[PDB]
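# With the input below, show me the fold.
(4 chains, ligands or ions: 6)
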2 protein chains.
Amino acid sequence: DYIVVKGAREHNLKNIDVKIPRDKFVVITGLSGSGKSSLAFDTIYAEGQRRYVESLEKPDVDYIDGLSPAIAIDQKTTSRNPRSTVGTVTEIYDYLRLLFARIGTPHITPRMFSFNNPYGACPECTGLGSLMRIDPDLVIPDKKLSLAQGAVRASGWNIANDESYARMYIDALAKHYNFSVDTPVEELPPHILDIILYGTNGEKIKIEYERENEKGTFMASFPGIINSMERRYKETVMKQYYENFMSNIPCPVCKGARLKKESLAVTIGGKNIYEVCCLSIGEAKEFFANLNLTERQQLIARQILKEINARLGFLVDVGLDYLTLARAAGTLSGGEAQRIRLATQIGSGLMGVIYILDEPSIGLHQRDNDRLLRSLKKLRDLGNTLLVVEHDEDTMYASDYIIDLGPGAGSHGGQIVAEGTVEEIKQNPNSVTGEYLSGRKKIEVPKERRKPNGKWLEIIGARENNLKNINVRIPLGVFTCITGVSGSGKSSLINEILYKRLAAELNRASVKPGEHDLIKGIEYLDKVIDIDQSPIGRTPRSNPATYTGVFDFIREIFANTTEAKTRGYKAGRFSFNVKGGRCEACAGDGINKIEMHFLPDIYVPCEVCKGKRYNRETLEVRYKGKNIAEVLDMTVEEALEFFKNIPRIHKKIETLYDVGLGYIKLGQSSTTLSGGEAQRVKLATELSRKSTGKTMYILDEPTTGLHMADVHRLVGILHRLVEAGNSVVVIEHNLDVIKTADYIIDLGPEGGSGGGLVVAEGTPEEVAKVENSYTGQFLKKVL
Amino acid sequence: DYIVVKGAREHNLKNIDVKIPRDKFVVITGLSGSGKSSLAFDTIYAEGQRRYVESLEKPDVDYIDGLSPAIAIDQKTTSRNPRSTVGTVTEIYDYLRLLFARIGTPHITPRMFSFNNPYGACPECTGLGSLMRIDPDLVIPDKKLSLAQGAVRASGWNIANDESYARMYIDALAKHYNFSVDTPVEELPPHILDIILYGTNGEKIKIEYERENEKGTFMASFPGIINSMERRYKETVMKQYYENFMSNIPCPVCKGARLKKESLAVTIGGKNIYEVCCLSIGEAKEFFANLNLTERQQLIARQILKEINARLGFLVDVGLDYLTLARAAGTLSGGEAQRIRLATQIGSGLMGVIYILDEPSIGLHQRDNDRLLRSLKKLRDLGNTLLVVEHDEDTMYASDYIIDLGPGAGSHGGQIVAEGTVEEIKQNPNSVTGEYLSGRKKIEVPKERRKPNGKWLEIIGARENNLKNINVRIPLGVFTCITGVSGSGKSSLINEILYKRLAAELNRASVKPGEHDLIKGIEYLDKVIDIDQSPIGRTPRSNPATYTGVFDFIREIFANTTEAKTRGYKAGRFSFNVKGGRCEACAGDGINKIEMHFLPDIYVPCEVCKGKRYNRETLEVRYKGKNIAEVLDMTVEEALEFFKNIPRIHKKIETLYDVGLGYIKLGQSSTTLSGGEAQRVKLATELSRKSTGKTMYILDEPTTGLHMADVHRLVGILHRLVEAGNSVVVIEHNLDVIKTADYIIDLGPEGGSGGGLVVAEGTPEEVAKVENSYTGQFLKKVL
DNA sequence: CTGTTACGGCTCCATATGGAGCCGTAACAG
DNA sequence: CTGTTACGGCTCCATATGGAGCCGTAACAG
Ligand SMILES: Nc1ncnc2c1ncn2[C@@H]1O[C@H](COP(=O)(O)OP(=O)(O)O)[C@@H](O)[C@H]1O
Ligand SMILES: Nc1ncnc2c1ncn2[C@@H]1O[C@H](COP(=O)(O)OP(=O)(O)O)[C@@H](O)[C@H]1O
Ligand SMILES: [Zn+2]
Ligand SMILES: [Zn+2]
Ligand SMILES: [Zn+2]
Ligand SMILES: [Zn+2]
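Numbers count the residues shown, from 1 in each chain, chains lettered A, B, ... in the order given. Ligands and ions are numbered 1, 2, ... in the order given. Sure, structure below:
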């Protein structure tokens, strides 16, 4: 009953040997990058998944005894398909179909109650429920411009180059229809434009092909630009491009129900399937509980009503008390999707599986922790084991086994520091997490807080989603934290309104604004910058030294040496993305590709350059006994001491060290960077830039996957940034960040359609005095 | 701790409700087609696999509580890839690589010891170990024939039709090389033929394209027939066609080792990696056990030697004591692959998984049951549960829970007859399996056995595989059973030699014969027929009524009625594969195809014909109150009484009923037929045909997935077939079939390279008197 | 009448070019 | 000297026709 793992050396683990107990609550804690995520995901989950899949990416581990099939729950989601909804994912729609087939009355089979089968799906919308076609205005935004000027901006239909296939198709269509490309689009007859857009509907046409050395003709049909784009979207970066020219509208016949008339006719207690499926989860549970039926109906529907009640109770106990069963699963955030999946797993009944979670209490107010922990304990008691990777102080007190990694990060960290229960790690003298739990070092509350300087941002007519037509004022030049219960609409109010409008007004961005009437004070904000968890770059030619800009200065320093001047090199010669200095064998990528007869291409280190990404001639030049490869393979901590003489590089290196990246090296590929490292890199880049006093910064849950020490360091960095003159607005839930803020805006008083208004606004002391605010009560308790 | 399933209605189950205990040995027993396989595979395994996959084909079941992820072990295998071998599948090659890297001495990393990575794979053969190219003789078997006559018989390169693309390519090549297609291939210059076969190696050539209404020219390169075929095979029915023209040969450099010279240089105790990997499993285990090393080597290699010893012990305990670790996994039978997978799962250490097996004791002699049961019990004790579907009398006595289905088959069967331990089902009066276990009805041994009629089949120079140059004599006109321990070479001796040579001599088949010198007495066998478990047909237009030939007679009977003569129909008008009588809406298929926007095509019953596969005009004709659809939807049991008047149909229907197919209906699609039903259909078809007295029948394990009653019925059918004059040779392991045979040939005395000679031959009484024969000892015990 | 041989018709399965994002470089302004 | 703006070069990701097996049918022989 022990998951014994011996000889674990994946990534930066120093040959650890742990003994995780089975069927007990085990939490893994460590600093950002200490290896807490590697030990779980790269080793244990990978080994379990491989063991199961090979029966029905081997980790670098000697042997693991006692493993079980594992399921990973992470805050990742994709577009998936419009067919899948919340009701389908939660596996409640099937039971609803069974209930409607068994007890529904005409106004009776479970085959026509679903939109996934031809029996009941609406023929007009094919069961999707929203005809997503291509808007003619989006296809040709500039009707005044002629065809030669590039009226058709859609990909795959550009006639800019006469040698392109699209140009040949356009010429063939013009020949068939007796038209001229140079003629203006508006001046062209509407019939010709309609025929070009919608194609010939299979009509036979003559097409002439002209090439550099080949001439001929062939007979075929013209699908049309719109039809070809629709076919490409149906057969499908590309998805986003297709959606950019597509406008979503409800089906004219079914009115978004995505069901046939006969299926919608059957109703239970005066409400059809769509009425039940398009309400709040709490309201639906209340309606189901109060439902009354005859003795025979109760006897024949008990086995379905019990399951429906249990699943709805679990879903509302997880924390989602505002969702709608008809909501499309594509438009779900990471936290909502993760909690939906956790509820589905708790309700399915799977037994004997290792569950590996990724910070379950993400994007969730502190008032719901007492119920999320109960749900997790019920899941554990179902007959499973948990590998919850949690940092919140409220999670450790309700666990059984605590495994703390460290003691540092990167190269320093990786070894198991201390294990045991909460008390043992609390009394352990050499544990950072235990030290913070004991209260030896705590985030001290500020004494004096900044006051607004008379400049305010005004929001008028905020009515997007569930906003109840509220007006808010955000002070400028003072740290601002926007709190609120789950589903209150704060995330919408920020992202879909304020950031979008500011980007449109300042950066000339092209995004759809929110349902906001007017915004006052825009002229006082020179620039707006959004910091997210997305990686800095996807190509291998991007490193935390190139992004920060220190690489250009270091290249200039290398080129200013005596040897470089003697050999007549260039400032940019020592770069791995230009021709002349990089190793020509691998073209500067640093990894060669070898293809086998029946295997995918396997990447191996380059033999000529030995993985240094540079030629021998470039490495010949030495600066203070170090070459370009040695510098690129040196960590920031050593670089701080190495370049103390030159202040231009020293300032940026010190900024990067102060952000908290003193364990990675300047040559790490951007692919290997995680979300936290990317956020820290972006923060360092923003800090390095000169302060203009009119900068707006927006952070969306900055404490995602950060330990308490990382939270303290980020609080210090944010306060230092705010002291420079710029103002930053942060959507936060952690009480540590909230208690050190300057101005707090609270949105409530409940989630979903119940809330959406402003409850309290002002200093934290003022908010703590309001009885009708959970955030105020918690702030009073902390203070 | 109960896998409770309620409301199971998949296939032909009559709403059963069972309670399978957890972590205990559970065996499912029933007649062939009673639903024992459905309840396991279609319901429980499908539900478990779906539940697990949806977390990282919904069964028609209400709800299942307590399920766990399930792994299905079945006697199915594919070509897979040449990379995978027995050593790779068993997951021993990785530990061997680790051992060689850690303790191997030069004559040291685990990266160059594998052929799956560029570090150690042989560059010449790309790590495959056998250069499988296209033989020039196979490409052009008839060099005398000209190009126009069809010299190139390879698919995708035929020039029979001048309008084909291959013909255009051939014409372009002839124009470029100044050659004539009409010229004989032999008379053509060798250089031109070599250039055509191997392509132009990227050389630019001129190609002229001529079509019905399009004329032009283009510049490209000719890949060549051989290169195109090789590329198609690499990028890949099709596999068999590609392998037909490909001859496997060992790599000239590595001599089949598939490793680099440096990797092969390292040796342990005078033997390199290939020497250890190319020996018997028992010999390898003995060599590893006797290996000696220093104290430090023992300390650093204990963790690998222990695992290697344990895995080899498990593999030899399963029953495979003759395999070679270097054997390619493609050339493995169903039983060997299933037992390899079972050994791998027993050794991996997976815990908390439902294991669903498919007759583990398949193709295994009765002497290894006492060890196979021990291995299965060890797997169960590892912390799992088992759903072994077994029929052998030696398996029930070592089980914990017995679930018996029935009481009949098809429509009659499906309900749970009796459950409990072995004693309770034995004392149950209404259980067929319990009745046979108690001994109420048993297969009585014959009193007098047939003697050879002086005609014998002579095998001279049998040396294929492990055969030790033996000569055997098979009597003609008497039932012959070929027994032998696992791996003795009986399967090779039969399939790869006798059947192949007989087919080549009589049916003019084109297969590679075995290593046989000469065969005497071939002229005494007029026809040879092989009966296998393959389905009768794959297309939906094939039924157990069309294959037997009764459908033609029934169509003639329908056309001979008064109404058919009045309306002037045809004899073949009432068929679902011709134009005129079938429902034109679905073109006689009976299922319409509906395609959605983002879903695969979903098959639904045809609306016009309502699933009857016929038009209204055809159904208007009524014969004795029954139409063609009613007849096609009528079971054989009713058809026996219905057509008692006409003897032409009655004979075939009675034969089909006597075979044991009195539960399926004449309209069942061949896709839904299983292996046992296909074998029974083939037996009925062979029995219906007239007896010529010179027919040879070969059966390969006919008792696969048959209950004891089915075994008795098949024994009776085989004896009736033999009494007609024809002789049948059966490879059997079950003692029930063996004890009722007439002539027995025993091959031993061990498996693999140890055996291959003939031990005993003659009547079962004579064989039972030989001390050096396990089959003889078991026959003595039974008798 | 029944079996065999050959042929016709049917269904199923198999086989390079443009856009987005980033890094480097020249020019300009405070 | 430092920040900003515009442009060039590089890498990654996206989009019908023939052969095999079976069923039906005409012709022929015992
Ligand atoms: N695509 C959508 N369609 C309809 N309603 C939506 C959509 N997206 C969000 N909403 C509604 O807007 C609200 C936004 O809440 P949100 O700000 O995401 O809460 P939190 O800040 O806790 O994540 C939700 O209650 C949801 O009901
Ligand atoms: N492709 C092959 N290459 C080398 N040896 C083979 C191959 N196929 C079979 N053999 C050998 O021929 C023997 C045939 O055994 P077989 O009679 O099939 O076993 P069983 O009696 O269990 O059916 C095996 O011992 C095997 O070692
Ligand atoms: Zn519709
Ligand atoms: Zn290189
Ligand atoms: Zn080789
Ligand atoms: Zn039809």
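
# the helices in the stretch 501-650 of chain A, which residues?
For the stretch 501-650 of chain A, the helices defined by DSSP state H, counting those that start in this stretch cover A:550-559, A:562-567, A:616-620, A:628-632, A:636-642, A:647-659.

# Which residue would be the closest one in the stretch 401-550 of chain A to ligand 6?
Nearest to ligand 6 in the stretch 401-550 of chain A, going by Cβ to the ion, is residue A:512, at a distance of 48.5 Å. C-betas here are computed from N, CA, C, even on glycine.

# What of the stretch 201-350 of chain A?
For the stretch 201-350 of chain A, Cβ to the ion, closest residue to ligand 6: residue A:260, 22.0 Å.

# quick revisit: can you count the residues close to the residue of the stretch 401-550 of chain A closest to ligand 6?
Residue neighbour count, defined by other Cβ atoms under 10 Å in any protein chain shown, stands at 7 for residue A:512.

# helix, strand or coil for residue A:721?
Recorded secondary structure, residue A:721: helix (DSSP: H, G, I helix; E, B strand; the rest coil).

# give me every residue that touches the residue of the stretch 401-550 of chain A closest to ligand 6.
residue A:500 (Cβ atoms under 8 Å, 6 or more residues apart in numbering or on different chains).

# Roughly how far does it sit from residue B:246?
58 Å (Cβ to Cβ, to the nearest Å).

# cool, and residue A:413?
Residue A:413 is 54 Å from residue B:246, by Cβ to Cβ.

# In terms of neighbours, single out the busier of the two.
residue A:413 (22 against 16).

# What number of residues are in the vicinity of the residue lying closest to the more buried one once chain neighbours are set aside?
Once flanking residues are discounted, residue A:413 sits nearest to residue A:34: 4.0 Å by Cβ to Cβ, 6 or more residues apart in numbering or on different chains. Residues within reach of residue A:34, counting by other Cβ under 10 Å, total 27.

# what does residue A:423 give?
Residues near residue A:423, counting by other Cβ under 10 Å: 11.

# who's in contact with it?
So residue A:423 contacts nothing (Cβ under 8 Å, 6+ apart).

# Of all the residues in the strand or helix carrying it, which ones are buried?
For residue A:423, the host element (DSSP states H and E) is helix A:422-427. The neighbour-count check on helix A:422-427 (16 or more other Cβ atoms under 10 Å in any protein chain shown) flags A:422, A:425-426 as buried.

# can you list those residues in TSV and add distance to ligand 6?
Formatted as TSV, the buried residues of helix A:422-427 follow (distance: Cβ to the ion, whole Å):
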residue	distance to ligand 6
A:422	70
A:425	72
A:426	75
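
# can you list these in TSV and add distance to chain B?
Formatted as TSV, those follow (distance: Cβ to the nearest Cβ, whole Å):
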residue	distance to chain B
A:422	28
A:425	28
A:426	33
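
# Could you provide those residues in CSV, with additional columns for distance to residue B:240?
Below are the buried residues of helix A:422-427 laid out as CSV (distance: Cβ to Cβ, whole Å):
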residue, distance to residue B:240
A:422, 64
A:425, 63
A:426, 68
